[PDB]
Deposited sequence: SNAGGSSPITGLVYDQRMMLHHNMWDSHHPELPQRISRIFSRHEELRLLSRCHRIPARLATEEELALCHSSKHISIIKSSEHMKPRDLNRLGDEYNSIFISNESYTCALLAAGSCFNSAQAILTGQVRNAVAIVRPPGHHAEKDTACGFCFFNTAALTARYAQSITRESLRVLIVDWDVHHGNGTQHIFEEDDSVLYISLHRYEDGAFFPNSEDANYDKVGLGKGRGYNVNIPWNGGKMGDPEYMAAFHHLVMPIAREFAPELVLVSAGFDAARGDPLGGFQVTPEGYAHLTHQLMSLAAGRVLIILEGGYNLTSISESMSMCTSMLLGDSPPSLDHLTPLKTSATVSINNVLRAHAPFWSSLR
């Protein structure tokens, strides 16, 4: 009821890079975040939600039978065939434990969404790996095998109603290409992504991440890309994007469930992101999202590679979900961030009355 759920399972650490033990998507990303929850005495304040495996029928909510079979077959592959398989995708490493870990990341979030929708908890945090937002219906991409957040939105609809309004806010520094594509023609799942773009120089290097990709057919206006260019964005820019775009659109949509594709790679210290969002910044973003869907928010870990930065930033999010007071939070925005916000406003004003 006025309770916060938490899911963490050390078995998700088994997925590893056998060729490059220093690859940034480390097993210790989740163990360090979990340890930070214990240090801050946040863990004991949460209701512990068990991890479970997603079933193949559950993966079929978003992914093709071919994709599921190929990833599933990797459990039995010798190192040379895992190397060959991983090479078929853009930025993927596979071990014999990868498939099981991807299943545990998905099942953990389904048990979390279930705990929220059955009223066992009000909100929840899922300390999971490998991430999921780059995974497409038919392919793995950018360290992602199955689209955990997209699958969770479909799972939530499968236990309530097909038309359950789900908002996905993706604040990982990378565009969730897989999430956008899965729901592109869908008006029941509003996808809002903030991401470093650099006119396509930043991963995943596609114009699909630009502000003018507003969705297709009945999904027109239900895909909101907030792309950053020419600038090391931080709290002022993220707070402004939430003030002018994320919160007015989300309030008009009136979601019944909020999923956060919460990568912490836009954080200060992240070696891949190059951005400066502070743990207090993430706490303010989380607190804002809690005003939606009667507080039904599920925070799902995506990217984020500086171990101290992700541990502090995610723990700060859990603290906000537990009802703790938002911490003290800057400056005028980078000129290109105003350009980006204004481009999104022009793109989405025809679909949202709150922007007009």
- request: May I ask you to mark the stretches of the deposited sequence that the structure leaves without C-alpha coordinates?
  value: 1 to 6, 336 to 337
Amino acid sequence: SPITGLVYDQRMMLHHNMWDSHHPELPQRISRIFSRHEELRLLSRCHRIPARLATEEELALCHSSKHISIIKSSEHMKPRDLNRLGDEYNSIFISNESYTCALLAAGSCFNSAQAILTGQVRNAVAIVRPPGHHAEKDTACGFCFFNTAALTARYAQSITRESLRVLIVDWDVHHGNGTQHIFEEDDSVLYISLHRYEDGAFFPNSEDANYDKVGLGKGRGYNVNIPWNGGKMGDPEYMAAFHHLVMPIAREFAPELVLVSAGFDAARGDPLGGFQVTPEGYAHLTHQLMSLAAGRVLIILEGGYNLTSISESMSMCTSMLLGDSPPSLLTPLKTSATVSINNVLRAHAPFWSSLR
From here on, numbers count along this sequence of modelled residues.
282 to 290 versus 132 to 140 - which carries the larger mean C-alpha B factor in the record: 282 to 290
task: Using only the Cα atoms and their B-factors as the entry lists them, report which of 320 to 328 and 58 to 66 averages higher.
output: 320 to 328
query: Looking at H181, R84, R165, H195, which has the highest CA B-factor as recorded?
result: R84
- request: Name the one of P227, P255, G263, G221 with the greatest CA B-factor according to the PDB entry.
  value: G221
query: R122: which third of its chain by C-alpha temperature factor?
result: middle
query: How does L43 rank on Cα B-factor within its chain, lowest, middle or highest third?
result: highest
message: Lowest, middle or highest third: which one holds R346 when the chain's residues are ordered by CA B-factor from the entry?
response: highest
message: Test of reading the entry: by CA B factor among the chain's modelled residues, which third contains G274?
response: middle
message: Please say which third, lowest, middle or highest, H15 falls into when its CA temperature factor is compared across its chain.
response: lowest
